[PDB]
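To begin, one chain is listed below as structure tokens, in the form deposited in one PDB entry.
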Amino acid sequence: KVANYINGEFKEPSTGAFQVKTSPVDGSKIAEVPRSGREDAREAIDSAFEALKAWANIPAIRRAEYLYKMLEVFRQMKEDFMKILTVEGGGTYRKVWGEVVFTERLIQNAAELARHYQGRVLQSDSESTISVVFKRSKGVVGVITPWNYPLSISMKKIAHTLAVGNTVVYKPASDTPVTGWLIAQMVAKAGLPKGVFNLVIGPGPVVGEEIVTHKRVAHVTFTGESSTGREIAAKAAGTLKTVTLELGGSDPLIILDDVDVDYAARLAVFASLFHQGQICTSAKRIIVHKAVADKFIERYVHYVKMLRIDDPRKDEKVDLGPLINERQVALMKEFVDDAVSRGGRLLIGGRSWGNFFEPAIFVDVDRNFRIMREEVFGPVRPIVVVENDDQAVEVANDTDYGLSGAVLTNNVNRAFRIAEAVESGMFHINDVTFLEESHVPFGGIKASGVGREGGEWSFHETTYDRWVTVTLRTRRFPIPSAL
């Protein structure tokens, strides 16, 4: 039985309302989770607001101890996190294993950096003036998270936000409440001061909107669909609260003619399809140079044929799991259908059963396919063929999304001209598009959102600069002129 965590106490919703949650894998019953109203949200927010000053003006080193204790506790709960991440989220073994490991590195990173967030000492154009800039935490920070990689993304947000001295109200993804409960578990066993961190499970339209519009929330960091992020930004405007938005993207994977082709294909398969393409930074549009295009397509398709779809609980070598739910399969079917009816050649896949969806691969697409124009969050992928670098770029940019991208090539000048030219918040040469480290500035441009997360960048999102001076000389003043 899952509960909210508010002011250091595990409890019901005040509305008493409850909701059943079942696995995307077999549909079997998982847990009963709260479904919370504005009362619950309001309360969590308050608890955080009152914990805020105590939490922020204690020494950084101390918050860091807390975070290391959290690392401790996490290292003990790894098993349960892998388990829930598979059962609730439909992650494969190797996927959730990765998610857990990464999460560890994340928490650690926050602890590591807390003591080192630095203001600046400044030169003055005034004489006898001492002029510095301090870093201060924003306040209560709303944390709203996706369902695909819910442990790692949640923890990046939460750990880093806590480290530099903000408190946290955290409304997990609707489709992954158990994971969020487990995080709350972890935090509570770490023994953080009551109210410093709060879990509220519930509907976005209810909990989320209180979190986003409330007077006392200083900042919101969101990860989800671009519609939701957009309106969240609009509502955040009312209270002048600042936001960090990772809105997802359709990432170009450019492959040039000088590549080892086999490798390029394996890489593409891993990047475009891992976790069923349900990655925000998944490689959602494969752009390939004409000269290698036929061999590439052959080998890509070859390894896509090798992918094993199964119950992720079966064993460690299961490649692909379910989509998170029925809606996702609906939408993926739509994408495939649209693809065929527009004249696209289905090279493979397209079968679905329950929540599972075979990777579906298309060539012969134009820019008017929905799978070119939209974020396909799931395993349906285009392969576009381009005649030169100019064209590869032009395609890679033809999209509303700015999140990430990659290029495979051995030519340094091509690697760099392409990397410079592709409009993306992140770009990787000779690697997957979803490359992520804990301390690096993760984020998009264009429709993919605003802000960066990880390390000092997360700290930048949740803190502000305070210019402070001490003026050491007496001075004469211009008014009244009579003096």
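Counting begins at 1, following the sequence as shown.
In what follows, reference is made to the form deposited with a small molecule bound, a form of this protein that is not presented.
Just one of 349, 195, 165, 208 comes within 4.5 Å of the small molecule in the bound PDB entry, counting any heavy atom, and that one is 208.
280 is the sole member of 392, 169, 280, 407 with a non-hydrogen atom lying within 4.5 angstroms of the small molecule in the bound PDB entry. The closest non-hydrogen atom of residue 228 lies within 4.5 Å of the small molecule in the bound PDB entry. The small molecule in the bound PDB entry comes within 4.5 Å of a heavy atom belonging to residue 223.
Using a 4.5 Å cutoff between non-hydrogen atoms, residue 358 does not count as a contact of the small molecule in the bound PDB entry.
A residue is said to contact a partner when one of its heavy atoms sits within 4.5 Å of a partner heavy atom; residue 153 meets this definition for the small molecule in the bound PDB entry. With the partner omitted here, the stretch from 61-69, 442-450, 24-32, 48-56 that lies within 4.5 Å of the small molecule by heavy atoms in the bound PDB entry is 442-450.
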